[PDB]
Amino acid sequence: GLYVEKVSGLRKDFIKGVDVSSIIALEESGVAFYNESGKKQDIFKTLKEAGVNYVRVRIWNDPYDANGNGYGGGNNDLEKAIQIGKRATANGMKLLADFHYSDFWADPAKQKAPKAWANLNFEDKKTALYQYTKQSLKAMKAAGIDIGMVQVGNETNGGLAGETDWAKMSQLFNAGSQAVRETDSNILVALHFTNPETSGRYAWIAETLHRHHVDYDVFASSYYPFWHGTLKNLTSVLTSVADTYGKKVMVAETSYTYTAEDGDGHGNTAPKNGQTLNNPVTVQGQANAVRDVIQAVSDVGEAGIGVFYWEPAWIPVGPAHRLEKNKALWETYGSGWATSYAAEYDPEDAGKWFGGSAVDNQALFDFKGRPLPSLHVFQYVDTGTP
């Protein structure tokens, strides 16, 4: 019964991606995924069949404490990035390596230097970042992974690898870019920012990137309708960057709630009083939201290259009523957004909120691993529903 209005002007090579970085921790936690028919199947195969043509994976330098206890949130390191990349290429999908350049979650409020770079002077940290990127990419190439793009940083609105001065951040951006350029000329270099609704922000950032000669191809943006303003604004601010600086643009992260229920007992990020919810919290609502961001980015014209849905399969390791049993799994496999072992690195946030999935209700799969009708949105935006 799913309905999808055809996206007008959508290019045939539009990037349709998903970030399923938590897939490895989940599978080790016992979680399983299925396909339409209902038979266990590799999620990457189901994604390919759904029309997805790109996979994004977050990479933390060393997301573990001194003893090796994972910080959680998927315990995403280079090693899991290779596992995911291999399965992505094996299923005909390009890879987007997303380097946070930190040992844990990197966002507007958190851009902590990796423990190894904790006390390196700026010069040495820069070359370490360049080196890390270079070696990581080479390990992926060696694994035969088809890399189509690299994100030098994740939501670096106010910092990167412990740095907050934009003159220094730019040098770090170039150190990362350098590595990518040396690895493969065909790999697109992306920079990722968020909060597009903030007046003049993206215009200021783009101009600053230009004044510091940062070498990049894609100006990426997060876009969560709950807090980031209108689609009209998104298109407007991305088009401005595109036309003024000749860059490509895209949405590196987006999602929507298909249900108000919490599937694993650990409070979800959305929905919540105060959040802007222009679509009904249903499977159709979710599908309309995705379809609309795709339209919004496509409306940018030449420069709008794609949209990545963030974590469409971070489903529960168990029902909400088995909360205590779930905690054990989140703790042991880091299949939750964070573990108590991350308190040493991030006492402020992870330190007091560690637990399970905060987005199980925004997946494109149900709590049991079955694909929701909304997964079809990737195929239907080209033609629309029959």
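For every residue, the number given is its place in the sequence shown, counted from 1.
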Exercise. Do the C-alpha atoms of 33 to 41 or of 49 to 57 have the higher average B factor in the entry?
Worked result: 33 to 41
Exercise. For the C-alpha atoms alone, is the average B factor greater in 295 to 303 or in 121 to 129, going by the entry?
Worked result: 121 to 129
For this session: Choose from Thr183, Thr235, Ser221, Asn154 the residue with the greatest Cα B-factor as stated in the PDB record.
Result: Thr183
Problem set entry | Chain-wide C-alpha B factor ranking for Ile15, given as lowest, middle or highest third | lowest
Seminar exercise, completed: Binned into thirds over the chain's modelled residues, the C-alpha B-factor of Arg201 lands in the middle
For this session: Compare the C-alpha B factor of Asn326 with those of the other modelled residues in its chain, then answer lowest, middle or highest third.
Result: highest
For this session: Ordered by C-alpha B-factor within the chain, which third holds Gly72? Give me lowest, middle or highest, please.
Result: lowest
Exercise. Going by the entry, which third of its chain does the Cα temperature factor of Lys80 land in?
Worked result: middle
